[PDB]
Amino acid sequence: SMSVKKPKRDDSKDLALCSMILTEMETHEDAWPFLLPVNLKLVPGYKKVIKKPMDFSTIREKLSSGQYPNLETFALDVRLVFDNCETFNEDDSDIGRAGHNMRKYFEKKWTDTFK
């Protein structure tokens, strides 16, 4: 509250560490469905159904230009990528399985780096 603060958690390396995580997600072999924005002209149904499209390239641009206020807003966009994928893709598809694998990979790196 006013003039009463919990001790200051060191957040000065967060930008660098989120960049490293995002590099590791970019270079995973199952990243291919997520590298670029879904082409809304060429994929029927995507525009209407997926209210907030997100992809790794869009995250990389937001990260590089100071559009994440803190590490939690960064994790929300990564998870959005996987939540979108589960909304549109069957679990038993190459893209569906890719999304499950990537989410697992992300969540481990996140815990190991920050928790």
# chains A, B, ... in the order shown; residues from 1 in each chain; ligands from 1

$ residues_around --residues "segment 10-24 of chain A" --least-positions-apart "6" --cutoff "12 Å" --atoms "only C-alpha atoms" --output "tab-separated table (two decimals) with C-alpha atoms, in the first residue's frame"
chain	number	residue	atom	x	y	z
A	30	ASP	CA	7.96	-27.98	-34.62
A	31	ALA	CA	7.84	-24.15	-34.73
A	34	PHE	CA	3.83	-20.49	-35.63
A	35	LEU	CA	6.68	-18.58	-37.32
A	55	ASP	CA	2.64	-15.69	-33.93
A	56	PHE	CA	6.37	-15.79	-33.07
A	57	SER	CA	7.35	-13.07	-35.58
A	58	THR	CA	4.80	-10.66	-34.13
A	59	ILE	CA	6.04	-11.43	-30.62
A	60	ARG	CA	9.64	-10.84	-31.76
A	61	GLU	CA	8.70	-7.42	-33.20
A	62	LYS	CA	6.73	-6.42	-30.01
A	63	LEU	CA	9.71	-7.56	-27.83
A	64	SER	CA	12.28	-5.63	-29.90
A	65	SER	CA	10.24	-2.37	-29.82
A	66	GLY	CA	9.31	-2.13	-26.07
A	67	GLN	CA	5.73	-3.15	-26.43
A	68	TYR	CA	5.84	-5.64	-23.49
A	69	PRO	CA	5.53	-3.79	-20.14
A	70	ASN	CA	6.65	-6.82	-18.16
A	71	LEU	CA	7.51	-10.54	-18.45
A	72	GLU	CA	3.87	-11.62	-17.80
A	73	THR	CA	2.46	-9.77	-20.81
A	74	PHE	CA	5.15	-11.60	-22.87
A	75	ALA	CA	4.00	-15.07	-21.52
A	77	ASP	CA	1.16	-13.65	-26.03
A	78	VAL	CA	3.19	-16.89	-26.20
A	102	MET	CA	5.60	-26.26	-28.18
A	105	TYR	CA	8.63	-26.83	-24.28
A	106	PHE	CA	7.75	-23.19	-23.47
A	107	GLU	CA	6.34	-23.88	-20.00
A	108	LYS	CA	9.44	-25.80	-18.92
A	109	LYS	CA	11.79	-23.01	-20.04
A	110	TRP	CA	9.56	-20.47	-18.32
A	111	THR	CA	9.60	-22.29	-14.90
A	112	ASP	CA	13.33	-23.06	-15.16
A	113	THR	CA	14.28	-19.49	-16.06
A	114	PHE	CA	11.98	-17.52	-13.68

$ atom_distance --atom1 "atom CA of residue 43 of chain A" --atom2 "atom CA of residue 87 of chain A"
14.2 Å

$ residues_around --residues "residue 101 of chain A" --least-positions-apart "2" --cutoff "12 Å" --atoms "only C-alpha atoms" --output "PyMOL selection string"
chain A and resi 25+28-31+33+82+85-86+91+94-99+103-108

$ write_last_selection --atoms "N, CA, C and O atoms" --output "compact mmCIF listing (two decimals), in the first residue's frame"
# COMPACT_ATOMS: atom_id res chain seq x y z
N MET A 25 12.39 -21.11 -29.01
CA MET A 25 11.07 -21.47 -29.61
C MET A 25 11.15 -21.32 -31.16
O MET A 25 10.74 -22.27 -31.86
N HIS A 28 13.06 -24.42 -32.72
CA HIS A 28 12.50 -25.75 -32.53
C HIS A 28 11.96 -26.28 -33.88
O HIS A 28 11.35 -25.53 -34.69
N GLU A 29 12.17 -27.56 -34.13
CA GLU A 29 11.70 -28.12 -35.40
C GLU A 29 10.18 -28.10 -35.61
O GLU A 29 9.73 -28.11 -36.76
N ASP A 30 9.39 -28.06 -34.55
CA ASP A 30 7.96 -27.98 -34.62
C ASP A 30 7.39 -26.52 -34.58
O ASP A 30 6.19 -26.39 -34.39
N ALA A 31 8.23 -25.54 -34.76
CA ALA A 31 7.84 -24.15 -34.73
C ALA A 31 7.12 -23.73 -36.04
O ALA A 31 6.52 -22.64 -36.08
N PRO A 33 4.43 -24.11 -37.83
CA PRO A 33 3.07 -23.49 -37.93
C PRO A 33 2.90 -22.09 -37.36
O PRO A 33 1.83 -21.49 -37.57
N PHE A 82 -0.61 -20.73 -28.61
CA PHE A 82 -1.04 -22.12 -28.43
C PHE A 82 -2.51 -22.37 -28.20
O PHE A 82 -3.09 -23.40 -28.71
N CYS A 85 -4.09 -22.11 -31.57
CA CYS A 85 -3.84 -23.34 -32.34
C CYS A 85 -4.83 -24.44 -31.90
O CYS A 85 -5.33 -25.20 -32.76
N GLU A 86 -5.04 -24.56 -30.59
CA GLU A 86 -5.98 -25.59 -30.06
C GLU A 86 -7.44 -25.27 -30.47
O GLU A 86 -8.26 -26.19 -30.69
N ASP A 91 -6.56 -32.00 -32.22
CA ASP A 91 -5.43 -32.63 -31.46
C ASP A 91 -4.64 -33.67 -32.30
O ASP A 91 -3.42 -33.71 -32.30
N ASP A 94 -0.97 -32.80 -37.59
CA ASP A 94 0.40 -32.42 -37.41
C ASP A 94 0.47 -31.06 -36.66
O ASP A 94 1.29 -30.91 -35.77
N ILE A 95 -0.38 -30.12 -37.03
CA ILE A 95 -0.31 -28.76 -36.43
C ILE A 95 -0.78 -28.81 -34.99
O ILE A 95 -0.17 -28.17 -34.08
N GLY A 96 -1.83 -29.62 -34.72
CA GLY A 96 -2.39 -29.79 -33.37
C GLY A 96 -1.30 -30.35 -32.40
O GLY A 96 -1.17 -29.90 -31.23
N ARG A 97 -0.57 -31.37 -32.83
CA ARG A 97 0.47 -31.97 -32.05
C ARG A 97 1.66 -31.00 -31.87
O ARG A 97 2.26 -30.93 -30.79
N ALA A 98 2.00 -30.28 -32.94
CA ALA A 98 3.02 -29.24 -32.88
C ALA A 98 2.71 -28.27 -31.75
O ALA A 98 3.66 -27.90 -30.99
N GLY A 99 1.46 -27.83 -31.65
CA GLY A 99 1.08 -26.87 -30.62
C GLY A 99 1.16 -27.35 -29.21
O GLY A 99 1.75 -26.70 -28.32
N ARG A 103 3.97 -25.82 -26.47
CA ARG A 103 3.48 -25.30 -25.22
C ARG A 103 4.23 -25.95 -24.04
O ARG A 103 4.70 -25.26 -23.12
N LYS A 104 4.30 -27.29 -24.08
CA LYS A 104 5.19 -28.01 -23.15
C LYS A 104 6.62 -27.50 -23.07
O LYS A 104 7.13 -27.21 -21.97
N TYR A 105 7.32 -27.34 -24.21
CA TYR A 105 8.63 -26.83 -24.28
C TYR A 105 8.75 -25.43 -23.65
O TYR A 105 9.72 -25.13 -22.91
N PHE A 106 7.78 -24.56 -23.99
CA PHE A 106 7.75 -23.19 -23.47
C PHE A 106 7.63 -23.16 -21.91
O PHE A 106 8.45 -22.45 -21.24
N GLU A 107 6.72 -23.96 -21.37
CA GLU A 107 6.34 -23.88 -20.00
C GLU A 107 7.49 -24.37 -19.11
O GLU A 107 7.74 -23.77 -17.99
N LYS A 108 8.23 -25.37 -19.61
CA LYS A 108 9.44 -25.80 -18.92
C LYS A 108 10.52 -24.71 -18.87
O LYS A 108 11.08 -24.44 -17.79

$ select_by_dssp --residues "segment 4-49 of chain A" --states "alpha helix (DSSP H)" --output "PyMOL selection string"
chain A and resi 14-27+46-49

$ write_last_selection --atoms "C-alpha atoms" --output "short mmCIF file (atom, residue, chain, number, x, y, z; two decimals), in the first residue's frame"
data_model
loop_
_atom_site.label_atom_id
_atom_site.label_comp_id
_atom_site.auth_asym_id
_atom_site.auth_seq_id
_atom_site.Cartn_x
_atom_site.Cartn_y
_atom_site.Cartn_z
CA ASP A 14 13.98 -10.11 -18.07
CA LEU A 15 14.21 -8.61 -21.63
CA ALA A 16 17.32 -10.61 -22.43
CA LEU A 17 16.05 -13.78 -20.96
CA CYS A 18 12.58 -13.55 -22.78
CA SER A 19 14.63 -12.97 -26.04
CA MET A 20 16.61 -16.18 -25.37
CA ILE A 21 13.51 -18.19 -24.72
CA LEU A 22 11.85 -16.84 -27.88
CA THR A 23 15.07 -17.77 -29.91
CA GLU A 24 14.81 -21.34 -28.63
CA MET A 25 11.07 -21.47 -29.61
CA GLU A 26 11.95 -20.00 -33.10
CA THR A 27 14.55 -22.73 -33.74
CA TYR A 46 -9.55 -17.91 -39.35
CA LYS A 47 -10.43 -14.26 -39.38
CA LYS A 48 -13.88 -14.74 -37.87
CA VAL A 49 -13.11 -17.42 -35.38
#

$ closest_residue --among "A:51, A:2, A:45, A:9" --to "residue 115 of chain A" --atoms "only C-alpha atoms"
A:9
